[PDB]
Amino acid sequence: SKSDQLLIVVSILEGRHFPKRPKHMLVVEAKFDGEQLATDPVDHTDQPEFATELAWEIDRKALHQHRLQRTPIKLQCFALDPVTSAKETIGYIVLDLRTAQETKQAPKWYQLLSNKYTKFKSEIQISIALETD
């Protein structure tokens, strides 16, 4: 059943309406079904360039269950200090497999929930898709 092996691919593209923080970086961590993945740290500019794909392995039977159960893909956004190495949680984004098809789809803009930058309507552009593993 090698064919029945799939990848959930989350594409984190660009951010917008972030504050310009000259000494900091941004990192997005993503957690699905107890597996954590992370982006490179990127410049904490107003429009951060994440340009990263994250991939989790899954079975077709398992994927269909997660889809119906609404198992979340939880994205946590951190501001990182390259000097001290301290990370602070900026906000979170929740995705689910409802839209995930086996073709690439147009990305959508997602607002950061519990956003520490309370006056900024910070958001991150995200695609989700399924590929053969």
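The first residue of the sequence shown is number 1, and the count goes up from there.
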>> Highest mean C-alpha temperature factor of the two stretches 74-82 and 55-63, which is it?
In response: 55-63
>> Which is higher on mean Cα B factor in this entry, 64-72 or 37-45?
In response: 64-72
>> Going by the CA temperature factor in the PDB record, which third of the chain does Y92 belong to: lowest, middle or highest?
In response: middle
> What third of the chain, by the recorded C-alpha B-factor, contains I128?
Replying inline: middle
> What third of its chain's C-alpha B-factors does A30 belong to: lowest, middle or highest?
Replying inline: middle
